[PDB]
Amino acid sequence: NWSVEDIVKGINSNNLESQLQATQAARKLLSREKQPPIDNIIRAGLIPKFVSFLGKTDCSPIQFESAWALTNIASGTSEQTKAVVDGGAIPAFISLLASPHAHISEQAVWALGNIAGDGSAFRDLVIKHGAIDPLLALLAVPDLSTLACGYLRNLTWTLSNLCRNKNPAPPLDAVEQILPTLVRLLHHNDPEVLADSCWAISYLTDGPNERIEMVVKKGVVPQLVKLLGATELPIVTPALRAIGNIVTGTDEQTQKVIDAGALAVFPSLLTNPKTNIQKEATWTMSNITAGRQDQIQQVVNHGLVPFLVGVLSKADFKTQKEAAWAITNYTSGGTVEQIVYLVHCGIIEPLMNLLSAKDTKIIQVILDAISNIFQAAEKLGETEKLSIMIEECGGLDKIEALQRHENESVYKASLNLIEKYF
């Protein structure tokens, strides 16, 4: 437990062993859980010294201790990561990826993951310095099972950080170069590797449908569905996020998700005790019911309409908002028979109950769904039965009250409903 002044004195001697002992003391200081003095180390001007120690190939202990200290600094705030980058760390760490000592190259992998995970500019700067080739060369083995578990986990985490941010998305060539290794990791039997691979895939599918397509042409959708059915929440959460992202794309990409059997997992996801799982599953469902009529029919055939009724009836309010979206998308794109089936499953009462929520968008969504169901009833000539059913559930007075809402869209929708069917 040295002081920062003693560390500085040790570093500023011209003595390689004294420097090594000071750097180790700095590593131990920066490794404590109780408020490590990162800012004091930075203000003392130590980062350039650590970076120059990264290149002392004759003294691998000081390479290791410097890499560890710098990794700890790069794990802090954006200002601290920037101080590491501004000391010249990025190319020095990329050079260290070639070290024959696994603990040293692992430390460089970790450091580059922290720098890249700071944000899209540093991720792109790490890519521009050429990290991807040596990172992938570390995984160029026929069977991933021959690598050390912790080493493989660190590489997967760092690779997922190179995929992470969105404004801008990572360069296409970088994604293309990383994707085969990412798919390998997505098939590797280690829960942490699986979780981090899934997160990477979820990042790469969040965006325009072209990015989704380049993910789905690798054939990962069946493995995502398999992981969707896992028992570990850290795996299910990113797998579900990735599936949800894919079903925001074209109808063919959504169909790839359906053909893999995703819908059979959804009864448990839509009843999962973890509210975030229920919310994301309902969001995914809402994007599937925004699809073609045969895809709505697949939702119906899997028995999922009663689960949508249930989550609309009782759930966290955000999950209920997602369920309202699912119902409006269903009623907008569904056949008359599908809409009749939805009403037969009991959607009217939970819709009316939610009409009392304070959120303006959910009210607009519910009114749009009611209008769509009324249009289906018109096509069937049963508008009066629908009006009676809505009144019996206490929705008539709610719409009557809403026709004097502060919002113009609510105004017009409720007024049109009252004037046309009531």
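Sequential numbering from 1, following the sequence displayed.
Peer 1: Quick one: higher average CA temperature factor, 348-356 or 179-187?
Peer 2: In the deposited entry, the stretch with the higher C-alpha B-factor mean is 348-356.
Peer 1: With reference to the PDB entry, specify whether the mean Cα temperature factor is higher for 44-52 or for 368-376.
Peer 2: So the stretch with the higher mean C-alpha B-factor is 368-376.
Peer 1: What third of its chain, lowest, middle or highest, does the C-alpha temperature factor of residue 24 fall into?
Peer 2: As the PDB entry reports it, the C-alpha B-factor of residue 24 lands in the middle third of its chain.
Peer 1: Where does the C-alpha B-factor of residue 106 rank in its chain, lowest, middle or highest third?
Peer 2: For residue 106, the deposited C-alpha B-factor lands in the middle third.
Peer 1: Would you mind checking where the Cα B-factor of residue 119 ranks among the modelled residues of its chain, as the lowest, middle or highest third?
Peer 2: Its C-alpha B-factor belongs to the lowest third of this chain's values.
Peer 1: Give the position of residue 317 by CA B-factor within its chain, expressed as the lowest, middle or highest third.
Peer 2: It belongs to the highest third of the chain when residues are ordered by C-alpha B-factor.
Peer 1: Can you work out whether the C-alpha temperature factor of residue 299 puts it in the lowest, middle or highest third of the chain?
Peer 2: Bottom third by C-alpha B-factor.
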